[PDB]
Each structure stands twice: as C-alpha cells, then as structure tokens.
2 protein chains.
Amino acid sequence: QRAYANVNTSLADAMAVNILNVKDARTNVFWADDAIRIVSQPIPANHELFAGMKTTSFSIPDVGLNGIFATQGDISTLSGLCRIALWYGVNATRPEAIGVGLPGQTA
Amino acid sequence: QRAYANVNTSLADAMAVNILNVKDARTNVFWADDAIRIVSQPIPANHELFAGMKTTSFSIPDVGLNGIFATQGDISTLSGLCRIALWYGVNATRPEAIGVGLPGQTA
C-alpha cells in the first residue's frame, strides 16, 4: 500500500485546510492528453419495439459523437414531437494528470 | 377618396340611430354571388414530425373543400382513432352585397 504513496505525511488531527481559489478567476485548464475521456452508449430507439415513431441516426458535428433523431405524431392534438437524444459520459481517469491555472489569486 | 363615397352625408352631432331588429324574425338572405368567400387551408399532418399516425387527403366534393383523414392506433387497447379534420374560414368580403330580409317587424 505504501508503494502508492503520493504525499509525505498523513492528515494530522487539526492541520489547516488551505483554500487555493481565494479570488474569482477564469480558469486555464491543462492536462495530459489521455487523462480525460468521453464514453458513449448507443440508444437503441431504432429497435422493432419502437415501431410507432421514426428514428434516424444523428451526427454531432465536431465532437465525433452519434445520437438519435426521433419524431412521433399524436392524432388527438394533431401535434408532433421531435427528440434528438445523445448519450455519453465524460470521465476523468487521471485527475492527478489534469491541472488548473488560477492567476490573480490574491485576497 | 370621394370616388368611393357611398353615403349622401356624414353623421351629424346627434342624429337618432334607427333600430331595425324590433322583432325576432327568421332571416331571409340575399347576395350577389361570390360576396362570401370560403378560405380553406391544408393540415400538413403527413409531415415527418407525425410518424406514428397515418395521414391522407380527404375530399368533400359536395362543397369543394379538401380535408384531412388521419388514423392512429395504440397497442395497450388494440384500438384506433380516426380523425377527419377540415380547416376553412367563412368570409363576407362584400357585406354591402349581402342583404337580410326581415318580415313582421313591429314593436
């Protein structure tokens, strides 16, 4: 367990908890390129179980993710619904490799 | 402007307004034809926004207005709905040409 140590000493009884962001600051974010990742899952709205509505694959332009474009009509109201759904999760596997740059940290 | 004058003289400071509905009489109507206009519009429920519902044109040839015929069934009841919608407006574009005949007006 001590092979994974990242700090010289343990959290003592009543050490002070220094706060770094003492002033509002727009952040400069830096990381190592693999420390952050997006995880996507398909939404199977094209399955035969969803027969009523019309489902097409939807492309998100730049991020390289795929969603679904669904439309369904109601006859009692003569109104239709359009849904674009995208399923993903942003994960930080290496938070220790991600950093934030906070300038003007006074008062 | 004077080319459109339809009345001998304007309304004075105080001239009595003569009521002409003095008895409840069923109306007789006369007009010059095409004084009434029927404005009709389509209902685009055949658009892709309406996917679970089956929509087709519906002609009512007795008058000359095309309506919409739509059907949509649900699986939980194994029942379907049928809607026949007609969108129109009745407009009296020449009210001076429409006339009303009122018999037995004495009060």
# chains A, B, ... in the order shown; residues from 1 in each chain; ligands from 1
$ calpha_fit_and_write --fixed "chain A" --moving "chain B" --output "PDB file with N, CA and C atoms, in the first residue's frame"
ATOM      1  N   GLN B   1       1.812  -1.664  -1.987  1.00  0.00           N
ATOM      2  CA  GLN B   1       1.077  -0.433  -1.741  1.00  0.00           C
ATOM      3  C   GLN B   1       1.988   0.779  -1.836  1.00  0.00           C
ATOM      4  N   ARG B   2       3.171   0.699  -1.228  1.00  0.00           N
ATOM      5  CA  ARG B   2       4.085   1.830  -1.228  1.00  0.00           C
ATOM      6  C   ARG B   2       4.502   2.222  -2.634  1.00  0.00           C
ATOM      7  N   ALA B   3       4.424   1.299  -3.594  1.00  0.00           N
ATOM      8  CA  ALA B   3       4.744   1.663  -4.968  1.00  0.00           C
ATOM      9  C   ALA B   3       3.867   2.794  -5.490  1.00  0.00           C
ATOM     10  N   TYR B   4       2.704   3.027  -4.885  1.00  0.00           N
ATOM     11  CA  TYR B   4       1.774   4.053  -5.332  1.00  0.00           C
ATOM     12  C   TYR B   4       1.816   5.318  -4.485  1.00  0.00           C
ATOM     13  N   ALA B   5       2.823   5.482  -3.635  1.00  0.00           N
ATOM     14  CA  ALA B   5       2.885   6.663  -2.784  1.00  0.00           C
ATOM     15  C   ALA B   5       3.089   7.921  -3.616  1.00  0.00           C
ATOM     16  N   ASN B   6       2.249   8.925  -3.379  1.00  0.00           N
ATOM     17  CA  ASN B   6       2.329  10.185  -4.099  1.00  0.00           C
ATOM     18  C   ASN B   6       2.562  11.380  -3.188  1.00  0.00           C
ATOM     19  N   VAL B   7       2.687  11.166  -1.885  1.00  0.00           N
ATOM     20  CA  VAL B   7       2.800  12.240  -0.909  1.00  0.00           C
ATOM     21  C   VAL B   7       3.919  11.893   0.060  1.00  0.00           C
ATOM     22  N   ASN B   8       4.669  12.913   0.486  1.00  0.00           N
ATOM     23  CA  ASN B   8       5.792  12.655   1.379  1.00  0.00           C
ATOM     24  C   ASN B   8       5.328  12.102   2.717  1.00  0.00           C
ATOM     25  N   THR B   9       4.254  12.650   3.286  1.00  0.00           N
ATOM     26  CA  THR B   9       3.808  12.243   4.610  1.00  0.00           C
ATOM     27  C   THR B   9       2.295  12.352   4.725  1.00  0.00           C
ATOM     28  N   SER B  10       1.729  11.552   5.623  1.00  0.00           N
ATOM     29  CA  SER B  10       0.289  11.527   5.827  1.00  0.00           C
ATOM     30  C   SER B  10      -0.166  12.781   6.566  1.00  0.00           C
ATOM     31  N   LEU B  11      -1.460  12.829   6.862  1.00  0.00           N
ATOM     32  CA  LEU B  11      -2.061  13.977   7.526  1.00  0.00           C
ATOM     33  C   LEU B  11      -1.961  13.797   9.034  1.00  0.00           C
ATOM     34  N   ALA B  12      -1.365  14.781   9.705  1.00  0.00           N
ATOM     35  CA  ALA B  12      -1.095  14.716  11.130  1.00  0.00           C
ATOM     36  C   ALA B  12      -2.381  14.917  11.924  1.00  0.00           C
ATOM     37  N   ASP B  13      -2.246  15.028  13.247  1.00  0.00           N
ATOM     38  CA  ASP B  13      -3.427  15.181  14.091  1.00  0.00           C
ATOM     39  C   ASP B  13      -4.159  16.478  13.788  1.00  0.00           C
ATOM     40  N   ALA B  14      -3.425  17.578  13.640  1.00  0.00           N
ATOM     41  CA  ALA B  14      -4.024  18.870  13.305  1.00  0.00           C
ATOM     42  C   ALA B  14      -3.009  19.701  12.529  1.00  0.00           C
ATOM     43  N   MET B  15      -3.082  19.626  11.206  1.00  0.00           N
ATOM     44  CA  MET B  15      -2.359  20.537  10.337  1.00  0.00           C
ATOM     45  C   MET B  15      -3.377  21.397   9.614  1.00  0.00           C
ATOM     46  N   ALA B  16      -3.077  22.684   9.501  1.00  0.00           N
ATOM     47  CA  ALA B  16      -4.008  23.608   8.879  1.00  0.00           C
ATOM     48  C   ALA B  16      -4.203  23.266   7.411  1.00  0.00           C
ATOM     49  N   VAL B  17      -5.452  23.347   6.967  1.00  0.00           N
ATOM     50  CA  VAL B  17      -5.815  23.166   5.569  1.00  0.00           C
ATOM     51  C   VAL B  17      -5.751  24.531   4.903  1.00  0.00           C
ATOM     52  N   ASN B  18      -4.937  24.645   3.862  1.00  0.00           N
ATOM     53  CA  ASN B  18      -4.762  25.905   3.159  1.00  0.00           C
ATOM     54  C   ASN B  18      -5.790  26.012   2.038  1.00  0.00           C
ATOM     55  N   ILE B  19      -6.647  27.022   2.117  1.00  0.00           N
ATOM     56  CA  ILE B  19      -7.612  27.290   1.060  1.00  0.00           C
ATOM     57  C   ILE B  19      -6.892  27.964  -0.100  1.00  0.00           C
ATOM     58  N   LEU B  20      -7.226  27.557  -1.320  1.00  0.00           N
ATOM     59  CA  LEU B  20      -6.577  28.079  -2.513  1.00  0.00           C
ATOM     60  C   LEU B  20      -7.554  28.775  -3.449  1.00  0.00           C
ATOM     61  N   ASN B  21      -8.825  28.854  -3.074  1.00  0.00           N
ATOM     62  CA  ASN B  21      -9.828  29.644  -3.776  1.00  0.00           C
ATOM     63  C   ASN B  21     -10.120  30.850  -2.895  1.00  0.00           C
ATOM     64  N   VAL B  22      -9.310  31.894  -3.026  1.00  0.00           N
ATOM     65  CA  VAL B  22      -9.459  33.042  -2.142  1.00  0.00           C
ATOM     66  C   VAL B  22     -10.121  34.180  -2.902  1.00  0.00           C
ATOM     67  N   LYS B  23     -10.087  34.107  -4.228  1.00  0.00           N
ATOM     68  CA  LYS B  23     -10.724  35.086  -5.089  1.00  0.00           C
ATOM     69  C   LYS B  23     -11.466  34.372  -6.209  1.00  0.00           C
ATOM     70  N   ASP B  24     -12.484  35.042  -6.743  1.00  0.00           N
ATOM     71  CA  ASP B  24     -13.312  34.485  -7.812  1.00  0.00           C
ATOM     72  C   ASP B  24     -12.631  34.770  -9.139  1.00  0.00           C
ATOM     73  N   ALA B  25     -11.893  33.787  -9.634  1.00  0.00           N
ATOM     74  CA  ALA B  25     -11.105  33.942 -10.842  1.00  0.00           C
ATOM     75  C   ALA B  25     -11.557  32.942 -11.890  1.00  0.00           C
ATOM     76  N   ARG B  26     -11.678  33.405 -13.127  1.00  0.00           N
ATOM     77  CA  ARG B  26     -11.964  32.498 -14.222  1.00  0.00           C
ATOM     78  C   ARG B  26     -10.792  31.545 -14.410  1.00  0.00           C
ATOM     79  N   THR B  27     -11.102  30.271 -14.600  1.00  0.00           N
ATOM     80  CA  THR B  27     -10.091  29.232 -14.547  1.00  0.00           C
ATOM     81  C   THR B  27      -9.346  29.105 -15.863  1.00  0.00           C
ATOM     82  N   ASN B  28      -8.069  28.768 -15.758  1.00  0.00           N
ATOM     83  CA  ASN B  28      -7.290  28.227 -16.856  1.00  0.00           C
ATOM     84  C   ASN B  28      -7.065  26.752 -16.578  1.00  0.00           C
ATOM     85  N   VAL B  29      -7.302  25.922 -17.581  1.00  0.00           N
ATOM     86  CA  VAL B  29      -7.279  24.478 -17.415  1.00  0.00           C
ATOM     87  C   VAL B  29      -6.142  23.914 -18.246  1.00  0.00           C
ATOM     88  N   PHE B  30      -5.397  22.983 -17.668  1.00  0.00           N
ATOM     89  CA  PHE B  30      -4.428  22.198 -18.408  1.00  0.00           C
ATOM     90  C   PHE B  30      -4.540  20.740 -17.992  1.00  0.00           C
ATOM     91  N   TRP B  31      -4.288  19.849 -18.941  1.00  0.00           N
ATOM     92  CA  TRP B  31      -4.203  18.429 -18.640  1.00  0.00           C
ATOM     93  C   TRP B  31      -3.217  17.758 -19.577  1.00  0.00           C
ATOM     94  N   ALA B  32      -2.812  16.556 -19.185  1.00  0.00           N
ATOM     95  CA  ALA B  32      -2.301  15.579 -20.128  1.00  0.00           C
ATOM     96  C   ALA B  32      -3.477  15.013 -20.905  1.00  0.00           C
ATOM     97  N   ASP B  33      -3.349  14.959 -22.227  1.00  0.00           N
ATOM     98  CA  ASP B  33      -4.465  14.547 -23.063  1.00  0.00           C
ATOM     99  C   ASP B  33      -4.932  13.150 -22.680  1.00  0.00           C
ATOM    100  N   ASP B  34      -6.224  12.908 -22.882  1.00  0.00           N
ATOM    101  CA  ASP B  34      -6.927  11.682 -22.511  1.00  0.00           C
ATOM    102  C   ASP B  34      -7.047  11.496 -21.007  1.00  0.00           C
ATOM    103  N   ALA B  35      -6.772  12.532 -20.214  1.00  0.00           N
ATOM    104  CA  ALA B  35      -7.128  12.472 -18.803  1.00  0.00           C
ATOM    105  C   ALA B  35      -8.637  12.497 -18.623  1.00  0.00           C
ATOM    106  N   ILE B  36      -9.339  13.211 -19.487  1.00  0.00           N
ATOM    107  CA  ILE B  36     -10.793  13.202 -19.527  1.00  0.00           C
ATOM    108  C   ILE B  36     -11.241  12.111 -20.488  1.00  0.00           C
ATOM    109  N   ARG B  37     -12.210  11.308 -20.064  1.00  0.00           N
ATOM    110  CA  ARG B  37     -12.841  10.318 -20.922  1.00  0.00           C
ATOM    111  C   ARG B  37     -14.305  10.673 -21.111  1.00  0.00           C
ATOM    112  N   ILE B  38     -14.791  10.548 -22.338  1.00  0.00           N
ATOM    113  CA  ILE B  38     -16.199  10.759 -22.637  1.00  0.00           C
ATOM    114  C   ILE B  38     -16.824   9.394 -22.877  1.00  0.00           C
ATOM    115  N   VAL B  39     -17.723   8.998 -21.985  1.00  0.00           N
ATOM    116  CA  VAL B  39     -18.419   7.724 -22.089  1.00  0.00           C
ATOM    117  C   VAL B  39     -19.743   7.966 -22.790  1.00  0.00           C
ATOM    118  N   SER B  40     -19.943   7.317 -23.928  1.00  0.00           N
ATOM    119  CA  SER B  40     -21.161   7.474 -24.703  1.00  0.00           C
ATOM    120  C   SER B  40     -21.898   6.146 -24.783  1.00  0.00           C
ATOM    121  N   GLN B  41     -23.218   6.218 -24.888  1.00  0.00           N
ATOM    122  CA  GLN B  41     -24.048   5.030 -24.977  1.00  0.00           C
ATOM    123  C   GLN B  41     -25.143   5.247 -26.009  1.00  0.00           C
ATOM    124  N   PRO B  42     -25.633   4.180 -26.625  1.00  0.00           N
ATOM    125  CA  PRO B  42     -26.743   4.314 -27.565  1.00  0.00           C
ATOM    126  C   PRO B  42     -28.085   4.272 -26.853  1.00  0.00           C
ATOM    127  N   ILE B  43     -29.092   4.817 -27.523  1.00  0.00           N
ATOM    128  CA  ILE B  43     -30.459   4.722 -27.025  1.00  0.00           C
ATOM    129  C   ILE B  43     -31.235   3.818 -27.973  1.00  0.00           C
ATOM    130  N   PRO B  44     -31.522   2.587 -27.598  1.00  0.00           N
ATOM    131  CA  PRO B  44     -32.211   1.689 -28.527  1.00  0.00           C
ATOM    132  C   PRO B  44     -33.701   1.969 -28.620  1.00  0.00           C
ATOM    133  N   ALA B  45     -34.065   3.113 -29.193  1.00  0.00           N
ATOM    134  CA  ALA B  45     -35.461   3.415 -29.468  1.00  0.00           C
ATOM    135  C   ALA B  45     -35.919   2.850 -30.800  1.00  0.00           C
ATOM    136  N   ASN B  46     -35.041   2.159 -31.516  1.00  0.00           N
ATOM    137  CA  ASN B  46     -35.401   1.431 -32.721  1.00  0.00           C
ATOM    138  C   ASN B  46     -35.927   0.037 -32.425  1.00  0.00           C
ATOM    139  N   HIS B  47     -36.011  -0.339 -31.156  1.00  0.00           N
ATOM    140  CA  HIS B  47     -36.520  -1.641 -30.770  1.00  0.00           C
ATOM    141  C   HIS B  47     -38.002  -1.760 -31.122  1.00  0.00           C
ATOM    142  N   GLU B  48     -38.495  -3.000 -31.133  1.00  0.00           N
ATOM    143  CA  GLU B  48     -39.894  -3.238 -31.466  1.00  0.00           C
ATOM    144  C   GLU B  48     -40.849  -2.667 -30.429  1.00  0.00           C
ATOM    145  N   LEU B  49     -40.380  -2.419 -29.207  1.00  0.00           N
ATOM    146  CA  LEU B  49     -41.226  -1.800 -28.196  1.00  0.00           C
ATOM    147  C   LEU B  49     -41.689  -0.415 -28.610  1.00  0.00           C
ATOM    148  N   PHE B  50     -41.013   0.203 -29.568  1.00  0.00           N
ATOM    149  CA  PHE B  50     -41.262   1.581 -29.967  1.00  0.00           C
ATOM    150  C   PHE B  50     -41.710   1.516 -31.420  1.00  0.00           C
ATOM    151  N   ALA B  51     -43.013   1.406 -31.640  1.00  0.00           N
ATOM    152  CA  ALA B  51     -43.519   1.128 -32.975  1.00  0.00           C
ATOM    153  C   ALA B  51     -44.142   2.334 -33.655  1.00  0.00           C
ATOM    154  N   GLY B  52     -44.738   3.244 -32.905  1.00  0.00           N
ATOM    155  CA  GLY B  52     -45.326   4.410 -33.523  1.00  0.00           C
ATOM    156  C   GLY B  52     -44.361   5.524 -33.823  1.00  0.00           C
ATOM    157  N   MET B  53     -43.087   5.329 -33.529  1.00  0.00           N
ATOM    158  CA  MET B  53     -42.089   6.380 -33.612  1.00  0.00           C
ATOM    159  C   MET B  53     -40.967   5.947 -34.541  1.00  0.00           C
ATOM    160  N   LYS B  54     -40.506   6.883 -35.366  1.00  0.00           N
ATOM    161  CA  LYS B  54     -39.528   6.613 -36.412  1.00  0.00           C
ATOM    162  C   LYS B  54     -38.154   7.045 -35.926  1.00  0.00           C
ATOM    163  N   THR B  55     -37.238   6.089 -35.817  1.00  0.00           N
ATOM    164  CA  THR B  55     -35.992   6.280 -35.091  1.00  0.00           C
ATOM    165  C   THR B  55     -34.803   5.931 -35.972  1.00  0.00           C
ATOM    166  N   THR B  56     -33.772   6.769 -35.934  1.00  0.00           N
ATOM    167  CA  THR B  56     -32.576   6.548 -36.727  1.00  0.00           C
ATOM    168  C   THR B  56     -31.358   7.092 -35.995  1.00  0.00           C
ATOM    169  N   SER B  57     -30.195   6.567 -36.368  1.00  0.00           N
ATOM    170  CA  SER B  57     -28.935   7.033 -35.809  1.00  0.00           C
ATOM    171  C   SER B  57     -28.649   8.462 -36.250  1.00  0.00           C
ATOM    172  N   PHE B  58     -27.940   9.195 -35.400  1.00  0.00           N
ATOM    173  CA  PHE B  58     -27.629  10.597 -35.639  1.00  0.00           C
ATOM    174  C   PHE B  58     -26.196  10.856 -35.213  1.00  0.00           C
ATOM    175  N   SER B  59     -25.330  11.121 -36.179  1.00  0.00           N
ATOM    176  CA  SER B  59     -23.915  11.325 -35.911  1.00  0.00           C
ATOM    177  C   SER B  59     -23.637  12.811 -35.763  1.00  0.00           C
ATOM    178  N   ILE B  60     -22.964  13.171 -34.680  1.00  0.00           N
ATOM    179  CA  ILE B  60     -22.474  14.528 -34.482  1.00  0.00           C
ATOM    180  C   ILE B  60     -20.966  14.474 -34.683  1.00  0.00           C
ATOM    181  N   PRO B  61     -20.484  14.640 -35.917  1.00  0.00           N
ATOM    182  CA  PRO B  61     -19.071  14.366 -36.202  1.00  0.00           C
ATOM    183  C   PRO B  61     -18.121  15.415 -35.663  1.00  0.00           C
ATOM    184  N   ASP B  62     -18.625  16.563 -35.211  1.00  0.00           N
ATOM    185  CA  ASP B  62     -17.734  17.596 -34.703  1.00  0.00           C
ATOM    186  C   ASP B  62     -17.026  17.131 -33.439  1.00  0.00           C
ATOM    187  N   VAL B  63     -17.719  16.378 -32.593  1.00  0.00           N
ATOM    188  CA  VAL B  63     -17.106  15.812 -31.398  1.00  0.00           C
ATOM    189  C   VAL B  63     -16.766  14.341 -31.593  1.00  0.00           C
ATOM    190  N   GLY B  64     -17.685  13.569 -32.155  1.00  0.00           N
ATOM    191  CA  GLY B  64     -17.448  12.154 -32.343  1.00  0.00           C
ATOM    192  C   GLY B  64     -18.398  11.294 -31.538  1.00  0.00           C
ATOM    193  N   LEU B  65     -19.617  11.779 -31.339  1.00  0.00           N
ATOM    194  CA  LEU B  65     -20.628  11.083 -30.560  1.00  0.00           C
ATOM    195  C   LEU B  65     -21.846  10.823 -31.431  1.00  0.00           C
ATOM    196  N   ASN B  66     -22.285   9.570 -31.468  1.00  0.00           N
ATOM    197  CA  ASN B  66     -23.477   9.178 -32.203  1.00  0.00           C
ATOM    198  C   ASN B  66     -24.684   9.295 -31.289  1.00  0.00           C
ATOM    199  N   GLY B  67     -25.670  10.068 -31.718  1.00  0.00           N
ATOM    200  CA  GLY B  67     -26.896  10.203 -30.972  1.00  0.00           C
ATOM    201  C   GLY B  67     -28.051   9.530 -31.669  1.00  0.00           C
ATOM    202  N   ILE B  68     -29.262   9.935 -31.316  1.00  0.00           N
ATOM    203  CA  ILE B  68     -30.480   9.334 -31.833  1.00  0.00           C
ATOM    204  C   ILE B  68     -31.393  10.428 -32.360  1.00  0.00           C
ATOM    205  N   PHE B  69     -32.064  10.127 -33.466  1.00  0.00           N
ATOM    206  CA  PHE B  69     -32.982  11.051 -34.118  1.00  0.00           C
ATOM    207  C   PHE B  69     -34.325  10.358 -34.269  1.00  0.00           C
ATOM    208  N   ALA B  70     -35.353  10.888 -33.616  1.00  0.00           N
ATOM    209  CA  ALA B  70     -36.649  10.230 -33.561  1.00  0.00           C
ATOM    210  C   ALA B  70     -37.763  11.204 -33.904  1.00  0.00           C
ATOM    211  N   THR B  71     -38.778  10.706 -34.609  1.00  0.00           N
ATOM    212  CA  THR B  71     -39.929  11.503 -35.005  1.00  0.00           C
ATOM    213  C   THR B  71     -41.215  10.720 -34.777  1.00  0.00           C
ATOM    214  N   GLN B  72     -42.255  11.432 -34.352  1.00  0.00           N
ATOM    215  CA  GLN B  72     -43.558  10.831 -34.104  1.00  0.00           C
ATOM    216  C   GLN B  72     -44.630  11.903 -34.217  1.00  0.00           C
ATOM    217  N   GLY B  73     -45.587  11.695 -35.111  1.00  0.00           N
ATOM    218  CA  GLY B  73     -46.668  12.644 -35.278  1.00  0.00           C
ATOM    219  C   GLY B  73     -47.997  12.119 -34.782  1.00  0.00           C
ATOM    220  N   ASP B  74     -48.909  13.008 -34.399  1.00  0.00           N
ATOM    221  CA  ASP B  74     -50.225  12.599 -33.938  1.00  0.00           C
ATOM    222  C   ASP B  74     -51.309  13.131 -34.864  1.00  0.00           C
ATOM    223  N   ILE B  75     -52.377  12.351 -34.996  1.00  0.00           N
ATOM    224  CA  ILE B  75     -53.413  12.632 -35.975  1.00  0.00           C
ATOM    225  C   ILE B  75     -54.351  13.754 -35.554  1.00  0.00           C
ATOM    226  N   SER B  76     -54.525  13.976 -34.252  1.00  0.00           N
ATOM    227  CA  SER B  76     -55.518  14.938 -33.790  1.00  0.00           C
ATOM    228  C   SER B  76     -55.110  16.363 -34.120  1.00  0.00           C
ATOM    229  N   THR B  77     -53.809  16.633 -34.148  1.00  0.00           N
ATOM    230  CA  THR B  77     -53.302  17.954 -34.472  1.00  0.00           C
ATOM    231  C   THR B  77     -52.649  18.033 -35.840  1.00  0.00           C
ATOM    232  N   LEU B  78     -52.409  16.902 -36.494  1.00  0.00           N
ATOM    233  CA  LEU B  78     -51.603  16.845 -37.708  1.00  0.00           C
ATOM    234  C   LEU B  78     -50.262  17.546 -37.494  1.00  0.00           C
ATOM    235  N   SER B  79     -49.618  17.215 -36.384  1.00  0.00           N
ATOM    236  CA  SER B  79     -48.318  17.760 -36.045  1.00  0.00           C
ATOM    237  C   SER B  79     -47.403  16.628 -35.611  1.00  0.00           C
ATOM    238  N   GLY B  80     -46.108  16.844 -35.784  1.00  0.00           N
ATOM    239  CA  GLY B  80     -45.135  15.860 -35.373  1.00  0.00           C
ATOM    240  C   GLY B  80     -44.102  16.413 -34.422  1.00  0.00           C
ATOM    241  N   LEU B  81     -43.496  15.538 -33.635  1.00  0.00           N
ATOM    242  CA  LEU B  81     -42.423  15.903 -32.728  1.00  0.00           C
ATOM    243  C   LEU B  81     -41.114  15.352 -33.266  1.00  0.00           C
ATOM    244  N   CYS B  82     -40.047  16.122 -33.112  1.00  0.00           N
ATOM    245  CA  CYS B  82     -38.714  15.689 -33.488  1.00  0.00           C
ATOM    246  C   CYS B  82     -37.823  15.755 -32.262  1.00  0.00           C
ATOM    247  N   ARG B  83     -37.161  14.649 -31.956  1.00  0.00           N
ATOM    248  CA  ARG B  83     -36.273  14.564 -30.812  1.00  0.00           C
ATOM    249  C   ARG B  83     -34.905  14.111 -31.284  1.00  0.00           C
ATOM    250  N   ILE B  84     -33.871  14.819 -30.848  1.00  0.00           N
ATOM    251  CA  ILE B  84     -32.487  14.475 -31.142  1.00  0.00           C
ATOM    252  C   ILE B  84     -31.786  14.336 -29.800  1.00  0.00           C
ATOM    253  N   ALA B  85     -31.643  13.106 -29.319  1.00  0.00           N
ATOM    254  CA  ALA B  85     -31.096  12.843 -27.998  1.00  0.00           C
ATOM    255  C   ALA B  85     -29.680  12.298 -28.099  1.00  0.00           C
ATOM    256  N   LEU B  86     -28.812  12.779 -27.217  1.00  0.00           N
ATOM    257  CA  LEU B  86     -27.424  12.348 -27.142  1.00  0.00           C
ATOM    258  C   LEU B  86     -27.102  11.960 -25.710  1.00  0.00           C
ATOM    259  N   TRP B  87     -26.667  10.723 -25.513  1.00  0.00           N
ATOM    260  CA  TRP B  87     -26.361  10.196 -24.192  1.00  0.00           C
ATOM    261  C   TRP B  87     -24.854  10.055 -24.043  1.00  0.00           C
ATOM    262  N   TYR B  88     -24.288  10.722 -23.045  1.00  0.00           N
ATOM    263  CA  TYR B  88     -22.848  10.672 -22.838  1.00  0.00           C
ATOM    264  C   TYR B  88     -22.538  10.978 -21.382  1.00  0.00           C
ATOM    265  N   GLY B  89     -21.307  10.677 -20.993  1.00  0.00           N
ATOM    266  CA  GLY B  89     -20.812  11.056 -19.689  1.00  0.00           C
ATOM    267  C   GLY B  89     -19.422  11.639 -19.785  1.00  0.00           C
ATOM    268  N   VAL B  90     -19.142  12.683 -19.016  1.00  0.00           N
ATOM    269  CA  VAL B  90     -17.814  13.280 -18.959  1.00  0.00           C
ATOM    270  C   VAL B  90     -17.144  12.795 -17.684  1.00  0.00           C
ATOM    271  N   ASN B  91     -15.946  12.231 -17.820  1.00  0.00           N
ATOM    272  CA  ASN B  91     -15.248  11.583 -16.722  1.00  0.00           C
ATOM    273  C   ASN B  91     -13.807  12.057 -16.683  1.00  0.00           C
ATOM    274  N   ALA B  92     -13.337  12.430 -15.500  1.00  0.00           N
ATOM    275  CA  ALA B  92     -11.940  12.794 -15.285  1.00  0.00           C
ATOM    276  C   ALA B  92     -11.250  11.584 -14.674  1.00  0.00           C
ATOM    277  N   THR B  93     -10.722  10.715 -15.531  1.00  0.00           N
ATOM    278  CA  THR B  93     -10.110   9.481 -15.061  1.00  0.00           C
ATOM    279  C   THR B  93      -8.761   9.698 -14.394  1.00  0.00           C
ATOM    280  N   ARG B  94      -8.072  10.789 -14.701  1.00  0.00           N
ATOM    281  CA  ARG B  94      -6.789  11.116 -14.081  1.00  0.00           C
ATOM    282  C   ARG B  94      -6.852  12.526 -13.526  1.00  0.00           C
ATOM    283  N   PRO B  95      -7.578  12.735 -12.427  1.00  0.00           N
ATOM    284  CA  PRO B  95      -7.662  14.089 -11.863  1.00  0.00           C
ATOM    285  C   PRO B  95      -6.314  14.674 -11.498  1.00  0.00           C
ATOM    286  N   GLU B  96      -5.331  13.839 -11.165  1.00  0.00           N
ATOM    287  CA  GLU B  96      -3.998  14.353 -10.889  1.00  0.00           C
ATOM    288  C   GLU B  96      -3.359  14.961 -12.130  1.00  0.00           C
ATOM    289  N   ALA B  97      -3.804  14.561 -13.322  1.00  0.00           N
ATOM    290  CA  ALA B  97      -3.263  15.138 -14.547  1.00  0.00           C
ATOM    291  C   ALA B  97      -4.010  16.392 -14.981  1.00  0.00           C
ATOM    292  N   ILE B  98      -5.276  16.552 -14.592  1.00  0.00           N
ATOM    293  CA  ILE B  98      -5.955  17.820 -14.834  1.00  0.00           C
ATOM    294  C   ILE B  98      -5.455  18.853 -13.841  1.00  0.00           C
ATOM    295  N   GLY B  99      -5.207  20.065 -14.330  1.00  0.00           N
ATOM    296  CA  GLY B  99      -4.760  21.143 -13.485  1.00  0.00           C
ATOM    297  C   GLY B  99      -5.523  22.421 -13.770  1.00  0.00           C
ATOM    298  N   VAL B 100      -5.596  23.266 -12.750  1.00  0.00           N
ATOM    299  CA  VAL B 100      -6.323  24.524 -12.825  1.00  0.00           C
ATOM    300  C   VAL B 100      -5.387  25.663 -12.449  1.00  0.00           C
ATOM    301  N   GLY B 101      -5.310  26.674 -13.309  1.00  0.00           N
ATOM    302  CA  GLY B 101      -4.528  27.861 -13.019  1.00  0.00           C
ATOM    303  C   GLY B 101      -5.388  29.020 -12.559  1.00  0.00           C
ATOM    304  N   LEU B 102      -5.077  29.592 -11.399  1.00  0.00           N
ATOM    305  CA  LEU B 102      -5.885  30.660 -10.808  1.00  0.00           C
ATOM    306  C   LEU B 102      -5.069  31.930 -10.631  1.00  0.00           C
ATOM    307  N   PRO B 103      -5.318  32.964 -11.424  1.00  0.00           N
ATOM    308  CA  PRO B 103      -4.582  34.218 -11.275  1.00  0.00           C
ATOM    309  C   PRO B 103      -5.254  35.175 -10.301  1.00  0.00           C
ATOM    310  N   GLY B 104      -4.450  36.100  -9.789  1.00  0.00           N
ATOM    311  CA  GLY B 104      -4.978  37.158  -8.943  1.00  0.00           C
ATOM    312  C   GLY B 104      -5.650  36.662  -7.682  1.00  0.00           C
ATOM    313  N   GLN B 105      -5.045  35.694  -7.005  1.00  0.00           N
ATOM    314  CA  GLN B 105      -5.619  35.104  -5.799  1.00  0.00           C
ATOM    315  C   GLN B 105      -5.000  35.789  -4.589  1.00  0.00           C
ATOM    316  N   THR B 106      -5.692  36.801  -4.081  1.00  0.00           N
ATOM    317  CA  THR B 106      -5.267  37.502  -2.879  1.00  0.00           C
ATOM    318  C   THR B 106      -6.512  37.953  -2.135  1.00  0.00           C
ATOM    319  N   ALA B 107      -6.623  37.559  -0.873  1.00  0.00           N
ATOM    320  CA  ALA B 107      -7.780  37.913  -0.062  1.00  0.00           C
ATOM    321  C   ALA B 107      -7.376  38.206   1.381  1.00  0.00           C
TER     322      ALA B 107
END
$ select_by_dssp --residues "range 18-72 of chain A" --states "strand (DSSP E or B)" --output "VMD selection string"
chain A and resid 28 to 31 36 to 40 54 to 59 66 to 72
$ select_by_dssp --residues "chain A" --states "helix (DSSP H, G or I)" --output "list in words"
residues 2, 3, 4, 95, 96 and 97 of chain A
